[PDB]
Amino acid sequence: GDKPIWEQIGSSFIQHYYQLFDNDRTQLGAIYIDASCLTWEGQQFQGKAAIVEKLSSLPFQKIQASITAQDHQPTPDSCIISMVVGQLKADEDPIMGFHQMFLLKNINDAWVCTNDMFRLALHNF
């Protein structure tokens, strides 16, 4: 009947996450729960409070994320797993490539993110 439900939920989750992330990241605690984990550039952060503190303490003033590709699959436990490849433009930094993964689980009519992994692509010099 056209687009599978994990494609519609994943894609709208990605679009909402990056709108929040580009504009106000203290509002990012709404998509995460107490058991969520975040791995940002190799460092692991357990729990909502440590996740939000970490994303609020980034040194960028202005950030613009652009998605180059997004791939969404259902998992066997009924979760949605998404892989994002994109580009970041922060302040006057040079444009960086990134990869990001999100694991989504339906808890009380809302799809929340239990697991989030982020890593910047390094330029080979």
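Numbering starts at 1 and follows the sequence shown.
A.B. asks: Looking at the deposited entry, does 26-34 or 68-76 carry the larger mean Cα B-factor?
C.D. replies: According to the entry, 26-34 carries the higher average C-alpha B-factor.
A.B. asks: Comparing 106-114 with 14-22, where is the mean C-alpha B-factor higher?
C.D. replies: In the deposited entry, the stretch with the higher C-alpha B-factor mean is 106-114.
A.B. asks: According to the PDB entry, is the CA B factor of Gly42 in the bottom, middle or top third of its chain, that is, lowest, middle or highest?
C.D. replies: CA B-factor rank for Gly42: middle third.
A.B. asks: Among the modelled residues of its chain, does the C-alpha B-factor of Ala49 lie in the lowest, middle or highest third?
C.D. replies: For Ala49, the deposited C-alpha B-factor lands in the highest third.
A.B. asks: Just say lowest, middle or highest third for the CA B-factor of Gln100 relative to the other modelled residues in its chain.
C.D. replies: As the PDB entry reports it, the C-alpha B-factor of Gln100 lands in the lowest third of its chain.
A.B. asks: Going by the recorded CA B-factors, say which third of the chain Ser82 sits in, lowest, middle or highest.
C.D. replies: For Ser82, the deposited C-alpha B-factor lands in the lowest third.
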